[PDB]
There are 2 protein chains.
Amino acid sequence: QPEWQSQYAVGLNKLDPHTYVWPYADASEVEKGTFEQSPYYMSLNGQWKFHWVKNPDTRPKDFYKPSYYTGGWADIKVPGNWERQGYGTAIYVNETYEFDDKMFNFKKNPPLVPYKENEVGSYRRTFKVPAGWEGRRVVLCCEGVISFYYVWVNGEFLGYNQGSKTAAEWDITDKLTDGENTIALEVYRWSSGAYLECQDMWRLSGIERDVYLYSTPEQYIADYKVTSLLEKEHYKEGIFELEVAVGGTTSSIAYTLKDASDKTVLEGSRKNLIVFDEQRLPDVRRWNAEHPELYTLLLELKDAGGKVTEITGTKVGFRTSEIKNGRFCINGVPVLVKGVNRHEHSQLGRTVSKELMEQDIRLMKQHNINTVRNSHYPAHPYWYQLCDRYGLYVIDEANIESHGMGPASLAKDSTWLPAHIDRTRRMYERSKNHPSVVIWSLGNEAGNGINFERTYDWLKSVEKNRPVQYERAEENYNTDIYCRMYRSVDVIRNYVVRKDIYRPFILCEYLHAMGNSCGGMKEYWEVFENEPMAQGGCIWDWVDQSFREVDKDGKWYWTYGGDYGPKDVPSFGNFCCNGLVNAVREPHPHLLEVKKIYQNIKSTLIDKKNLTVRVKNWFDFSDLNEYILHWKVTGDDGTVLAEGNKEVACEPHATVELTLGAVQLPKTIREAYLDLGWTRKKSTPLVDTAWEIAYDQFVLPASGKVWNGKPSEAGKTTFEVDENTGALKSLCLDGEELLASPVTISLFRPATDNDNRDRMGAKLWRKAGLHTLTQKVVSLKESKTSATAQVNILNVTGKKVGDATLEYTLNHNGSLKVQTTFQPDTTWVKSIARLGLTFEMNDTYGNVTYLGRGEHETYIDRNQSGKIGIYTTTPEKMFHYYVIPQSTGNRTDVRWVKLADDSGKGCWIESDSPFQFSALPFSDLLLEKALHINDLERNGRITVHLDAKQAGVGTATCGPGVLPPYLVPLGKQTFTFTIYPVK
Amino acid sequence: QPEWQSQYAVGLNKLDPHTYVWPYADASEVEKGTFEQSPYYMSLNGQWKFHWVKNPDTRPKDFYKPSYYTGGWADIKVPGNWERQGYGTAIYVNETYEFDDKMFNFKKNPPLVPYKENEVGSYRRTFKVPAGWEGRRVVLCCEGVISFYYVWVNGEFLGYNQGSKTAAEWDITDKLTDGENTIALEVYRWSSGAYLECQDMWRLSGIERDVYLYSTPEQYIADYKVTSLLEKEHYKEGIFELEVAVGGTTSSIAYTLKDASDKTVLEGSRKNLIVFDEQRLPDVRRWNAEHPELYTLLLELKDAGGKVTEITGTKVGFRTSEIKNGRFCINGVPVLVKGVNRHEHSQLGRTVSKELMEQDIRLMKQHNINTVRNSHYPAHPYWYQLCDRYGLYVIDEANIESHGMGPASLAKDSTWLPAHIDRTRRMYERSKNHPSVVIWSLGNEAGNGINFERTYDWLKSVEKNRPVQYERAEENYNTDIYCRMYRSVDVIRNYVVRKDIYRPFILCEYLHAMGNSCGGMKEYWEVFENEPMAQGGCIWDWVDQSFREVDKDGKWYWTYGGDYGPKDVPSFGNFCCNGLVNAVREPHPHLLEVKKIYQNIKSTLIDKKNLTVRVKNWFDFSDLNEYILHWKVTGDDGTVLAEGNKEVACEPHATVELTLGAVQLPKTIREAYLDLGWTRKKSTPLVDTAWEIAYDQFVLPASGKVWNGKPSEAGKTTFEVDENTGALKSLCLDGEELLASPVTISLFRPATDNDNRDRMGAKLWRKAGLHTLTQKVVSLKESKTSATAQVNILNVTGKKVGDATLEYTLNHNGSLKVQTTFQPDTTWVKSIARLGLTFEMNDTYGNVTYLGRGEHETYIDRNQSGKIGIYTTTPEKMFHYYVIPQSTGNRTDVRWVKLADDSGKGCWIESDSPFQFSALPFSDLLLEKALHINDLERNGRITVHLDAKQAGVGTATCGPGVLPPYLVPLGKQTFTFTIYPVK
Ligand SMILES: [K+]
Ligand SMILES: [K+]
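Basis of the calculations
- Residues numbered from 1 in each chain as written, not as in the entry; some residues may be left out.
- Chains lettered and ligands numbered in written order.
- Heavy atoms only, no water.
- Residues with missing side-chain atoms left out of burial classes, pairs and counts.
- Patch = residues over 30% accessible without salt bridge, like charges linked within 9 Å, V, L, I, M, F, W, Y side chains within 5 Å.
- Areas by Shrake-Rupley, 256 points an atom, 1.4 Å probe, with all protein chains shown as cover.
- Salt bridge = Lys/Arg side-chain N within 4 Å of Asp/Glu carboxyl O.
- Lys, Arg positive; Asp, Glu negative; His and termini not counted.
- Charge placed at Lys NZ, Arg CZ, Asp CG, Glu CD.
- Helix = DSSP H or I, 4+ residues; strand = E, 2+ residues; numbered from the N terminus.
- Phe/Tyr/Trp six-rings, centres within 6.5 Å; stacked < 30°, edge-to-face > 60°.
- Buried < 20%, exposed > 50% of the residue type's maximum accessible area, 1.4 Å probe, protein only.
- 1 Å grid on protein atoms, 1.4 Å probe; cavity = no way out; pocket = protein on both sides within 12 Å on 5 of 7 lines; lining within 4 Å.
- Points joined across faces, edges and corners; volume = space filled by probe spheres on them.
- Nonpolar A, V, L, I, M, F, W, Y, C, P; charged D, E, K, R; others polar.
- Domains from an automatic or database assignment.
- Contact = heavy atoms within 4.5 Å.
- Buried area = accessible area lost by both parts, 1.4 Å probe.
- Polar contact = N/O pair within 3.5 Å; in protein donor to acceptor, adjacent residues only side chain to side chain.
- Least-squares fit on C-alpha atoms.
- Donors = N, O, S within 2.8 Å, 3.2 Å for Na, K, Ca; no water.

### Side note on a negative patch on the surface
A cluster of like negative charges, contributed by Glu-720, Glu-723, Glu-737 and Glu-782 of chain A, occupies part of the molecular surface. As for its position among the elements, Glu-720 of chain A is in strand β42 (residues 717–721).

Structure below.
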């Protein structure tokens, strides 16, 4: 019955969507984009009277009349979802509608949403019109509100809106009065629009973005279209065109384009839809992600007497974006799209501050991302100004996702066209003059059909200079870019070798970054970096969508689906957390991998004797003469043998060779590493000149027989093997025990999020009972200084998981060799997570030192990043707080590892080749069992894992699982570890 | 054992307490006091790593070493008590120590606080030294932290501090390094200092005020003493003296005193404790609360080459403060101290923003308060800058209150002298140059003894130009002002008529403003305004100390003692809420009374025929020629008969007569009101020219027989009396019922907070069972159009509370007269709350209109404020949300009241003299029962009360209960109401 139950009720009395035309005070203000400090702007953000009900019948219907008294109401902060200020229920669900549930007495039935279970938040505040605004036109702007609202000013109805992610505006000039004014919005949690707002995110309510007033003369700048292109022959001369829509009602409109040095470079004047003259800048400064060169465009209306009545403006970037000869190109250069999807998220909900937005782009740039896709809705206006300013390509996207709904698709019901086209026009209008926006996207998981054909058609008709994509379009005409998402390496290869294609393969979403993830990233990039027509894609995604809480003991933790509300509250668990960073922008390990693979200066060692390196310049518009190579050779002892700085010139996409020189490795050193690091000669305000923007390490075998790390005999070793399990049950040094538990064979790791979906993952492990192993002795032979045990490896059901031979040999050294031979019964063991030994030490042994890949967590299918070296750390520092606790803390390519107390007591452990290890504060049982961070408890011991083999992590939570070279072999295998007690 | 278990461990390595000597960039910065934007200042506020334990043994001891890893810790906002960010437990107790309780396994035992139950919050963050600070001296400043902390920088111990309300500072210059610095504070909830921090407030923890760094040259301004007095002969020539302490190590120190027009008026130069020359300003601009005239003092160190190396400064106010001929005088004029006590409080705890502080002083000034007492601790530095700027006298007070502890007093244990004198020096040093500070106070509920004798002695030795008071001193020498608090009108009169006294009586705390309160305020002021030597006092207090929460249905409410923690958590209930405003600075009714009695222009009607008024000018330094009188005569119909503006000259403290002129009242009008209102000719930035700063109304009897409000016969009335109760059980108008319940006699009101302590209050009422009354018919006589019932009034125990005669008479009018005669059995009924009728109407009758004192809640002993007039309102608007729900909504001096639906249906009710009424959304049972606002539920009806008599509210929660003229008489009484149905 009411408006928010209709898919047509998308607005009433709003202004036509347009570009932001904030009136500024001063051309100098226009260059800074500093419009909020304008005398013609007034925020309505702040504290507002607020009221909440479940059931629109029980609401205070008359709260919008100035006479209705709201003094006994609470305040609520605006902007900010009300779920994060103590009201109602935050719900996370995924491919479903949270309201399509029994808790709400409703089955989904578009365009209808629940009625009696629907929620109303009534907002009201008062305000004074600034004195200086006398006789001016005043516009009310609400930057975004979810889901549907009525709005009143002074008790006069303005109208209503659906569409939560772009501004709605009303001209409220004739509704204002003297003295105290009031403003009211009545906000519904659900309307028909929610069916198009079924994004993979928190389902939240209320006023999400700024609410404000701005004021213009009776005659104003209503809109304007900026064209700043390059000629398509050499891409060197700028093309400048400008149209200005003047609204209302002798006078002139004039523009001035100025360069970074405030010098005027183009300028026009006319005495309503004014079309200025086409103009040309030769040898113009061009815009792109690496050199975001900008101009400032000032637009002024003038009195019949030549006085300035209004000034507005925007940054201008001369640049082109196109699909050329089937490849996506910026300024005539086909580029690799190294990007990420970004959702808007903070502890306040959908509401993101300027500092958090700046944090976002600062970290992105620091980790070699060059493009961002706006996860299924346009973003806060300020995000685009950041991208123009610091250089990111934006793939902007209409707020349209009806995942919850083939033949019943909302893409094919023409009665939803008005909603679709409204959402699309609004996305286009507000951002059309940003150079940072390179691609328009039509929506997300909303199906294909006539609605997206009209959307595509319309968009193409007004936009000639940006590609338009749509992922659900697949190969149909209505998409300019083949977006297909989460495809496997093979599927990309099936595509690019076809001869009847004309569109680049660019992954809209790929490499699902959920929990301990982003395995197989190297393999994707071997393809992109070699296929002229798979140009990369956008990682899913940037930031975990989580909320930090604190339990009754002061233990903090991350929340996700099911965590707020009653017991059977709709919920898709932790699947909203998929980020390269945690919710407060602290990076996850896998993000360091992304910085490594996304780097723009890649190198190989081409000649070991001269140390000659081939350097490939993956930049699109930067010469390597902007950077400085630092190189150095270092021995396993941590002694720099040769170091230098170097300066190479090399053009984008070109390669270049560089000889470093032979370097004499001593005979006492066992191996050496050649490290290459690159930094910039000039800072940006985001990256200083000490920040390592690309690196590479290469292993140099040397002649030493022993690790300069090997300790010397440190007293008298004893040990004991268990009659029953065959496990090493004791190891002393002059009587002092070193083990807090026996050494046994482990085959299992507490599931990562991926492990839980992986075809070869924890589903198999837990079902074979690998997380519950015991050893039984079949035969045990002992001498004074050695032992050989043949054991059965059983799960808790008693089933034999495999056969093993455990060989303990005390060396004349005092070191103990442990050589293990294991073979799983591959008749019913289809997978193992790892192959190695595990044991506990008392938690005083927290000084961990190792020679291995570091300083951060790496896995065999995620370890291009990091550098082999000597590193100091602790089990507390190694444990990474993934939203659900899972395996963490792995080190790869390990030569040796030490665990010691501060007193110096401990052991130094080596193998016969590079191994993997971890050492964590929490046991495996506990870590597997914990569902939230605060569930973790310490038991006085650390758990050490020594692995000959452990699986990669892959990305199975969505898309490819661990690739085959990274699975753990099931053949008979033998691996050995040698423990050297120390003092 | 550890430092915080000792009362001597008050600091280590701190700088000597001093005045704030922030280095500014610019003399222009110095005038604005804008030091936070200085290049030599850097905030450390923001997000910090945080960790919390119960039990100092279980804490992360090494968190202060740069090597200790805190990446898996949460963040916490600084500043702000941690209890308000999800940690530990907020506790409110009063004259007790929260730790002296069984929950904490501890009995109070100074100087020891609990050990295993004590709480540790470890805070750490990193920071970069600004580049420009190379070679500069750097100071760390923590403006306040509760209770005891250790602090480290870069792993170097700085020292520790006790004393939560003034800054601690360390010179950290040699502890800084290149790159990332770290800072650590380890904060304890309790130390020995807590025994002196037993204020009536929330017991809270952590970093409460700003933490920051400032930077000076090796040679700096360490301190300085400003003297700006007036000659004690005419108080017209300014006396200026300045001492500057220069620390560290050719150079000159120079000052310039400048007036509001940046013109230099005094200035010196010298080539370390520099004493400048005594100087004199004739006809200087003088400082006081009404005209806070200021000068700006700039102090500059200069190079041997005359270059500026450091600039600092402060505002200067030429003014004197003294006890002259036994009276407190500002600038030779004895003033009335109209003030309030202020605690620091927001939703963050003890932490108060600039906007909230400005809100505080803005409302205070708007309600004619001229002085503020700092409730038992010095305040945030910025508070003093507000008082200098806008004009408030400050009574500043050392952070010393050991209420929890006669002969065992901490005032008499000399081992606590170091704590006492430390707390006192610190209060003195930081504020000595503020003109707004007029009185120093020694502490609060801490007893008298040798410690306060040394404190008093010391203070007197360094301070010659401000009185020093101490409330627990009583009449002993160590107090310059007789502060005795909460004394009755009589006790003040016993004092001021003594001839052996030499000290003014100034109430340190009086008129406890808890719940529905501030009764008897007129009577206090009749005394102050007539006793040259009782000069007023400070209301307790300014702001409720409450926290707003939201329950599971979106119902907000205020919290108080017992509301956080387990069940038997220490608690003194709602006694922390005693304010003239609620916690978010919305005023309580009683605050409008304070504006009325504190007003500075008081008037009486001296001649009714000419309308001649006597005007008394209670200002101390303002002529009435700064104001504008608006006057007007108005008839009970709401028709202005005469109005005008007037301009009078009258000197402070002098009186003046003013004839308004005779005015002809029509013969149709029954009474007229003469309203006088005053406004200022010139705005301050706090009070515009439309704000009514003082008013007065006078009643003018006229000849009309009827209220121009009386309706005309509106159809056919019927009614019904109950066979059993004698109650009016029905009243219809053409068949339509008007009552939702019977009309019965009420004697009780849901207890106010005062009612619950009052000698004549709810203790008596509830014990006589007055809240549970029934009527039983003794005899009932009926005719067609009238009824007479003799009833017994019984409590629920069946005991006869009194006898009543109920007389119902239907008038030829259709109006029903109800005449009630009641007499309580004064053998065991010692008190009644009111005498009147009560009944319910369905809640559609929400349109209330009345001719009475309004627009706000008044009681017979709190009704000097407001104006009789015609007012529109609703039961929802009438209900005031006192922290615990209690009686509210009373109107006094009522001629008639109407209750109608929007359709216009209802009744118009009059009496035979002024009565009282209320009409509320919640029943009395429910209102009495509710302990928190969200407990209140609506039942579909409003409760109307028509009172012939109701008690005052008094101030018994602390101090005098309802005064005798305001008690409800227990004699036989007869009162009548006439109900006129309307359509
Ligand atoms: K887990
Ligand atoms: K109550």
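### Some words on the packing of aromatic side chains
Residue and element names in this part refer to chain A. One pass over the structure, following the stated rule, counts 134 aromatic pairs over all chains. Measuring from ring centre to ring centre gives 4.1 Å for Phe-452 and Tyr-470, while their planes differ by 20°; the resulting arrangement is stacked. With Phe-452 in helix α5 (residues 450–462) and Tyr-470 in the loop between β30 (468–469) and α6 (489–496), this residue pair connects regions lying 18 residues apart in the sequence. For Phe-452, a relative accessible area of 0% puts it in the buried group. Its relative accessible area of 1% is what places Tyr-470 among the buried residues. Chaining the aromatic ring pairs together yields one cluster made of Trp-4, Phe-63, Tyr-64, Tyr-68, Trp-73, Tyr-115, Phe-148, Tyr-150, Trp-152, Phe-157, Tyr-160 and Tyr-188.

### Notes on empty space enclosed by the protein
Residues and elements named next belong to chain A. If you add up the space inside the largest cavity, you get close to 250 Å³. Where the lining of the largest cavity is concerned, the elements lending two or more residues are α1 (27–32), β22 (308–316), α3 (381–390) and α4 (417–431). Considered class by class, the residues forming the lining of the largest cavity number six nonpolar, eight polar and six charged.

### Structural notes on the domain arrangement of chain A
Residue and element names in this part refer to chain A. As assigned here, chain A comprises domain 1 (1–218), domain 2 (219–319), domain 3 (320–598), domain 4 (599–703) and domain 5 (715–983). When each unit is reduced to the centre of its C-alpha atoms, the spacing between domain 1 and domain 2 is 33 Å. Between domain 1 and domain 2, the residue contacts involve 17 residues of the former and 19 residues of the latter. At the boundary of domain 1 with domain 2, total buried surface from both sides reaches about 1300 Å², with 56% on carbon and sulfur atoms. For the pair domain 1 and domain 2, the interface holds zero salt bridges. Connecting domain 1 to domain 2 are six residue pairs in polar contact. Top contributing element to the side of domain 1 that touches domain 2 by residue count: α1, with three residues.

### Focus: the relation of the copies chain B and chain A
In screw terms, the move from chain B to chain A is a rotation of 180° and a rise of 0.0 Å along the axis, fitting with an RMSD of 0.0 Å. Considering both components of the superposition, the chain copies are consistent with a two-fold axis. A shared binding surface is used by both copies, with 100% of the interface residues of chain B retained as interface residues in chain A.

### Here we look at the coordination of the potassium ion (ligand 1)
The coordination sphere of the potassium ion (ligand 1) contains the protein donors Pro-885 of chain A (O), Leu-927 of chain A (O), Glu-928 of chain A (O) and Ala-930 of chain A (O), at a distance range of 2.5 to 3.0 Å. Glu-928 of chain A sits in the partly exposed class, given a relative accessible area of 24%.

### As for the environment of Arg-891 of chain A
Residue and element names in this part refer to chain A. Locating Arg-891 in the fold gives a position in strand β53 (residues 891–900). With relative accessibility at 4%, the residue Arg-891 sits in the buried group. Once the C-alpha coordinates of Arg-891 and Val-584 are considered, the two residues, 307 residues apart in sequence, prove to be 25 Å apart. Excluding anything up to four places from it in sequence, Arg-891 contacts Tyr-850, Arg-853, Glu-855, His-856, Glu-857, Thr-858, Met-878, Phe-915, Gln-916 and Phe-917. Among the polar contacts listed, one links the side chain of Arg-891 to the side chain of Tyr-850, at a separation of 3.0 Å. Among the polar contacts made by the side chain of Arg-891, one reaches the main-chain carbonyl oxygen of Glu-855 at a distance of 2.7 Å.

### Digging into the coordination of the potassium ion (ligand 2)
All names here are of chain B. Looking at the potassium ion (ligand 2), one finds its protein donor set to be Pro-885 (O), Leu-927 (O), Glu-928 (O) and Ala-930 (O), positioned 2.5 to 3.0 Å from the metal centre. Mapped onto the sequence, the residues coordinating the potassium ion (ligand 2) show the spacing P-x41-L-E-x1-A. One end of the pair, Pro-885, is in the loop between α11 (875–878) and β53 (891–900); the other, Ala-930, is in the loop between α12 (924–929) and β55 (941–950), with 45 residues separating them in the sequence. Residue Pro-885 is classed as buried on the basis of its relative accessible area, which comes to 6%.

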